[PDB]
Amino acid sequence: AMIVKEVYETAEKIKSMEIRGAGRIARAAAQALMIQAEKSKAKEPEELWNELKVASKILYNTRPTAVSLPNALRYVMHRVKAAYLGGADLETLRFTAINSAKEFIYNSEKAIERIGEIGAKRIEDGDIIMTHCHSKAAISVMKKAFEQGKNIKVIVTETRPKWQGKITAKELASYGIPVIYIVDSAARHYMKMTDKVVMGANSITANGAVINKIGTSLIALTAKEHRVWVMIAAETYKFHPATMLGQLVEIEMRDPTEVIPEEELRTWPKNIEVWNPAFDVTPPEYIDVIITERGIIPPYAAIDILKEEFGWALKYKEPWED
């Protein structure tokens, strides 16, 4: 197949984390599929279909852990697959792909703004909020509560190794929200003065577990210890349909040089291994609520998000498959 450069550039930017955050990479995969359709020089519907299947595979094969990315490719390709199998012609297939993409992209932006509005109602004037990493869904909550005139302060953990906490601190301070920045190790010491914890999600399992930036689970554990509400802000496309049939979520392991730069690491001896897990798993018993664009749920109702929106698709193979 004849795959446009934008697909390759996107895939590479997803792998290197220059595009990152679970929602954003989903949107960038949809965007990529959209541009593959726009720019295609295919003549038959079969030729375009083949390009879209292949582009989908390229994109799925970037980062494994956040299910948002495959749920985006699905959203488009289920629609593209049904059209192509209904005998759709060229421009009818092209436009299905283009329009399914723009739809997911739009719904994603709206979902995040509605999570903002729902989550903000659980934030109370004077609250101190601890967060972790840089999650747009979590930030939408915090930004909206501040825009409602609540005087909040946010504790931002730095989030090693990639320092996403820096993105968050600058971003929240740019909306006029006072920020307290701390190392991750400090999360227990400050849990006592924290009122609410608000974090994002890469994937959410059928039993209510949340897979999110390495460290999330420690924050949630001491939050529970202290009876501080742990709220997860997560779009419905963070829920992981394959876990309904027993699948485990793979934990991405990333380059040791994100932890120790190459210039330093090369001088270390062989007998030191550097392990760099990008996510950990937080059990549902340590999560108060999940805030989706459809409302507040206990973490144990993740199975209902799944049954009602994705469970249909599990009896079929992946839409980009043969």
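Heads up: residue numbers just count along the shown sequence, starting at 1.
When the C-alpha B-factors of 57-65 and 36-44 are averaged, 36-44 comes out higher. Comparing 83-91 with 159-167, the higher mean C-alpha B-factor in the PDB entry belongs to 83-91. As recorded in the entry, 100 carries the highest CA temperature factor of 205, 100, 135, 71. Set against one another, the Cα B-factors of 151, 236, 247, 185 in the record reach their highest point at 151. The entry lists a Cα temperature factor for residue 125 that places it in the middle third of the chain's modelled residues. When the modelled residues of the chain are ordered by C-alpha B-factor, residue 19 sits in the highest third.
Per the deposited record, the Cα B-factor of residue 49 falls in the highest third when ranked against the other modelled residues of its chain.
In this PDB entry, the Cα temperature factor of residue 243 sits in the bottom third of its chain's modelled residues, the lowest group. In the deposited entry, the Cα temperature factor of residue 302 places it in the lowest third of its chain's modelled residues.
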